[PDB]
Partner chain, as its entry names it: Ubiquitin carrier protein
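As a starting point, one isolated chain is supplied in structure tokens, in the form deposited without the partner chain.
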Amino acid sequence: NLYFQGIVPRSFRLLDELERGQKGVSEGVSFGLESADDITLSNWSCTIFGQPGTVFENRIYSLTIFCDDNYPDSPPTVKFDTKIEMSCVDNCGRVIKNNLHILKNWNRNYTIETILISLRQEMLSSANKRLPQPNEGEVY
């Protein structure tokens, strides 16, 4: 059994986040592997609960996070499978890196969870919270 202070290899890092996710995490996000047999641990199935008091209220959004082999030093790619209108989401549901702080100014100390949390907070902003939405459960 290994010990060291400091940064851990990609595989160790993703094992930590997986254990975190599998233990059901912060409010109300969930995350895990798209498929249990992926040994690169690169593709993640995620859920965001809509923010109470907004056009997102009571909706469930499904999304996919992909961590390439430079992860955690490089940001993952983020896309919504569930249709959403947000200033940091493009026409195909993918997150516009330069419109979300944590992706734009990524830091290896952010996580899959940070992204999910950040997306739920974006729903509270004034550019988003009154934005007219697609029909509920509609996908790309």
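Positions refer to the first chain, counted from 1.
Keep in mind the form solved in complex with the partner chain is missing from the figure; the text below concerns it.
*Asks:* Which residue, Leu41, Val29, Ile102, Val55, is the contact with the partner chain in the entry with it bound, using a 4.5 Å heavy atom cutoff?
*Replies:* Flagged contact: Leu41.
*Asks:* Among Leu131, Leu18, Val25, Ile117, which has at least one heavy atom within 4.5 Å of the partner chain in the entry with it bound?
*Replies:* Filtering the options by heavy-atom distance leaves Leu18.
*Asks:* Please determine whether each residue of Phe49, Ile60 and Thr111 possesses a non-hydrogen atom within 4.5 angstroms of the partner chain in the entry with it bound.
*Replies:* Checked in the entry with it bound: no contact with the partner chain for any of the three.
*Asks:* In the entry with it bound, does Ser125 have a heavy atom within 4.5 Å of the partner chain?
*Replies:* Contact with the partner chain, no.
*Asks:* How about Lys79: is it within 4.5 Å of the partner chain in the entry with it bound, going by heavy atoms?
*Replies:* Heavy-atom contact with the partner chain at 4.5 Å: present for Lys79.
*Asks:* Does the partner chain get within 4.5 angstroms of any non-hydrogen atom of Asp73 in the entry with it bound?
*Replies:* Because no heavy atom of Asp73 falls inside 4.5 Å of the partner chain in the entry with it bound, the answer is no.
*Asks:* Is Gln121 near the partner chain? Define near as a heavy atom within 4.5 Å, in the entry with it bound.
*Replies:* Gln121 lies outside the contact set for the partner chain.
*Asks:* Though the partner is not shown here, which residues of 59-82 have a heavy atom within 4.5 Å of the partner chain in the entry with it bound?
*Replies:* Counting only heavy atoms within 4.5 Å of the partner chain in the entry with it bound, the contacting residues of 59-82 are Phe66, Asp68, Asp69, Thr77, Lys79.
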